[PDB]
Amino acid sequence: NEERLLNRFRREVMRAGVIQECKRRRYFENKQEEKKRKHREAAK
Amino acid sequence: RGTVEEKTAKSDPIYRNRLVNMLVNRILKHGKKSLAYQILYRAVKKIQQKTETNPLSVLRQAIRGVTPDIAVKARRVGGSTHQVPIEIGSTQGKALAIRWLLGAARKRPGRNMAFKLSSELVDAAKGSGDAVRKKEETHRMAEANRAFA
Amino acid sequence: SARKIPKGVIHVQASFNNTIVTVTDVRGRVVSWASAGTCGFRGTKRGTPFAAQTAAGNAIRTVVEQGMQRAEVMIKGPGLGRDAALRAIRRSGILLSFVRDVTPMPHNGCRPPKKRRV
Amino acid sequence: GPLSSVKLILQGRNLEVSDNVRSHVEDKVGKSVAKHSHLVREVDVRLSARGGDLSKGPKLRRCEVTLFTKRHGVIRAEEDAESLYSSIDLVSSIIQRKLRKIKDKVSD
RNA sequence: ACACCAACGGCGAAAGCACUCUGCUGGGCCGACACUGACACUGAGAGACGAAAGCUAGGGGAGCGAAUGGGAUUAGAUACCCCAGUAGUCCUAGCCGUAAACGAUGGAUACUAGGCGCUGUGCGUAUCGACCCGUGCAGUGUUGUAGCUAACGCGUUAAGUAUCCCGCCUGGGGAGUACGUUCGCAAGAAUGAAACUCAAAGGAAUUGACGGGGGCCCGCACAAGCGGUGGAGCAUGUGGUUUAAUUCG
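Residue numbers (the deposited numbering), protein chains in the order written: chain u, 95 to 138; chain g, 4 to 152; chain k, 21 to 138; chain y, 70 to 177.
See below:
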């Protein structure tokens, strides 16, 4: 072992940010366009 | 503002030491530099009378036991006040060391400032008195909150 | 005692405000658990990476009656308690085979509750 | 400020002050900052009057209220109205918003 | 209830519609002349559908969660926070017919630069087979000429140029209220005034100020020190009180 962290590095493949997303309420296209517009532009 | 121009620090008047000159500037109260000079060298001539080592050795060995490595800086994030500890530098620990040493040396009564600074100085040299206890109570508070960062 | 086999799973319930470091065998009988509320301090302090480090250390320091070589860790959930816990287990340095995540990834099951507005 | 409150200090310029004036001051100011729980240090209420039949200019009654509070700064409000009573009620309203600005800004 | 797929994507007249599969069935688009020969457009009144919440009847009820109840913050908290939590949420059969039901843009036809796209099909190139290039159309998007516009902007999907058809508007309150009538199990929906009163009510843009909106940078501004005031005594100044005056500023 060495102090390298590939679980965090691999973790951003399918981020735990789908769990900070799912704590608060099911809300419609205003905040899904805010979160998924900022997310469709974060990957481009 | 950016920074302070680097530093100029001279050594001791009669021993050529940059620490003891720092201590004679810290015992100075309003310009009476010959009197603070007198108090420090009567404390050294007192420390030759108590034990029989170098006063640099008992002084530096004393202030090693006063200097902390970490202290509490009550910082803020988002309006929330964490008591997070941040590792203090070296010469900062010198200034704090002779700070607590000197102010605590201005409490132990009975006799003139040579005996007062001598007594709290050897109490720093033996882990007793009040300056090293002040090191502990400022040291066991930053130890108590390591759950911040 | 226990079955006395030095391989066994470790689960880390890293909550949003807590951590739980439990350790159990292959069948699932727990041999020890120790959380941030277990190791002393409690309140807003628990659930920080120092609580993950101390809770993991006081969790797996008591398996020295076993002395488990082949470790494998199965963490769960979001929070600030993951990376300090893995640095704690790698600090104990026992034969960590693979860490893994077993977090519940729902497929739009239940409605999560109201947004906070604070 | 009858009891327990901030220390009241009046100023009367061009104005002979009466019972109803400073009574209306401590009751309107003091009893509208009576639901406070504030240890404000000092209230300076400076209550001057001017003009109309007194001198040149329209009839004016002008009050300034200043609070030297511990709680995030000092505040002052000057209003100028047709009567003393409308002045002091109006400054009473302004200082209600300024103190709710202070208390409400202490949050989290 | 249906993660990734999910796309500034496809379909529907709108509302809406996404786990997959099957069945019945609507609608769109494209080609050949294969047929009829103006059968077209709009639409008063009318009829249908019509998110969510609501109501009748019966199921069902995990999560979430009005009301409610407790805890907290708070001067106070019927609120934001937290813990329980009922109607409701889902389904069957209905009623209700309103939404920022928004593209804040009724529908239809004809005509008027381009660039960059996407979706569906069609032709030719290229290979002979997936590509790939141009294109013929239809639809969807983004910058944009002309022109229009008070401006912002819109711009072949016009807010352009014209033609047709229907609706609605004529200052702001009063007021989507009053009264009447129809509909509705009720909740209410629709139709819809006036008395009186005001000289404004509004739109777009600009300049400032302000923000418990950002970004950047100084200042003994905070932080780090050092020394004080506030405690005591006195000197002095002011306010108040008193006095014939305690001059006035």
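For every residue, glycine included, the Cβ atom is placed at its ideal position computed from N, Cα and C.
Item, Value
"In this structure, how does DSSP classify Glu9 of chain g when only helix, strand and coil are distinguished?", "coil"
"Indicate the three-state DSSP secondary structure (helix, strand or coil) for residue 184 of chain g in the structure shown.", "Here chain g comprises residues numbered 4 to 152, so residue 184 of chain g is not present and cannot be evaluated."
"Look at the alpha carbon of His141 of chain y and the alpha carbon of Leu108 of chain y, and state the distance between them as a whole number of angstroms.", "12 Å"
"Indicate, with yes or no, if the ligand MG has a heavy atom lying under 7 Å from the CB of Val143 of chain y.", "No copy of the ligand MG appears in this structure; indeed no ligand is present at all."
"Would a C-beta distance cut-off of 8 Å place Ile164 of chain y and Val134 of chain y closer than the cut-off?", "yes"
"With DSSP as the reference, please indicate the residues paired to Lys76 of chain y in a beta bridge.", "y:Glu111"
"Going by C-alpha to C-alpha distance, which of k:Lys65, k:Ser117, k:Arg62, k:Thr39 sits closest to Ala79 of chain k?", "k:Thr39"
"Span of the alpha helix (DSSP H) holding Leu168 of chain y?", "153-174"
"Contact criterion: CB-CB distance below 8 Å. Does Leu100 of chain k meet it with respect to chain u?", "no"
"Suppose you measure from the CA of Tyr40 of chain g to the CA of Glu146 of chain g; what does that come to, to the nearest Å?", "38 Å"
"Is the region 59-75 of chain k touching the region 120-139 of chain g, taking contact as three or more C-beta pairs under 8 Å?", "no"
"Under the assumption that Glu151 of chain y contacts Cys132 of chain y (Cβ atoms under 8 Å), give the Cβ distance between them as a whole number of angstroms.", "That belief does not hold up - the Cβ atoms of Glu151 of chain y and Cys132 of chain y are roughly 13 Å apart, past 8 Å."
"If we cut at 8 Å on Cβ distances, does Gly87 of chain k have a partner in chain u?", "no"
"Count the other CB atoms within 10 Å of the CB of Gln86 of chain k; is the residue buried (16 or more) or exposed (fewer)?", "buried"
"Per DSSP, what kind of secondary structure is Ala150 of chain g in: helix, strand or coil?", "coil"
"Does any C-beta atom of chain u lie closer than 8 Å to the C-beta of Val119 of chain k?", "yes"
"Give, in chain order, every unbroken run of the alpha helix (DSSP H) that is at least 4 residues long and sits entirely within the region 23-73 of chain k.", "none"
"Does DSSP classify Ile89 of chain g as helix, strand or coil?", "strand"
"Taking the beta strand (DSSP E) that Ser117 of chain k belongs to, which residues open and close that run?", "115-121"
"Hey, does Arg149 of chain g have any beta-carbon neighbour from chain k nearer than 8 Å?", "yes"
"At a Cβ cut of 7 Å, what residues of the region 64-77 of chain k count as close to chain g, listed as they run along the chain?", "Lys65, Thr68, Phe70, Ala71"
"Whether or not the region 108-115 of chain g and the region 52-67 of chain g are in contact is what I'm after, with contact meaning three or more pairs of Cβ atoms, one per stretch, closer than 8 Å; do they touch?", "no"
"Quick one: is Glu127 of chain u near chain k, going by C-beta distance under 8 Å?", "no"
"Label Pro71 of chain g either buried or exposed according to how many other C-beta atoms from any shown protein chain fall within 10 Å of its C-beta, with 16 as the threshold for buried.", "buried"
"What distance in whole Å lies between the Cβ atoms of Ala34 of chain k and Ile114 of chain k, which are believed to be in contact at a cut-off of 8 Å?", "Actually they are not in contact, since the Cβ atoms of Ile114 of chain k and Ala34 of chain k sit about 20 Å apart, beyond 8 Å."
"Within the continuous alpha helix (DSSP H) that includes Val93 of chain k, where are the two ends?", "Unbroken run through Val93 of chain k is the beta strand (DSSP E), 90-96; no alpha helix (DSSP H)."
"Could you check where the beta strand (DSSP E) with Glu148 of chain y kicks off and where it finishes?", "144-150"
"What residues of chain k sit near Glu97 of chain u, judged by a beta carbon separation below 8 Å?", "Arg107, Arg110"
"Considering just the uninterrupted stretch of the alpha helix (DSSP H) at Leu62 of chain g, what are its terminal residues?", "58-67"
"Can you give me the C-alpha to C-alpha distance between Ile78 of chain y and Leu123 of chain y, rounded to a whole angstrom?", "25 Å"
"So if DSSP puts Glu127 of chain u in a beta bridge, which residue, or which two residues, is it bridged to?", "None, per the DSSP bridge assignment."
"Indicate the three-state DSSP secondary structure (helix, strand or coil) for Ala39 of chain g in the structure shown.", "helix"
"Within 10 angstroms of its Cβ, does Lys24 of chain k collect 16 or more other Cβ (buried), or is it exposed?", "exposed"
"Would you list the one or two residues that DSSP bridges to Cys132 of chain y?", "y:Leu116, y:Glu148"
"Where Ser55 of chain k and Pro124 of chain k are concerned, what is the direct C-alpha to C-alpha distance, given to the nearest angstrom?", "20 Å"
"Shortest alpha-carbon distance to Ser74 of chain y belongs to which of y:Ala103, y:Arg82, y:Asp113, y:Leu136?", "y:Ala103"
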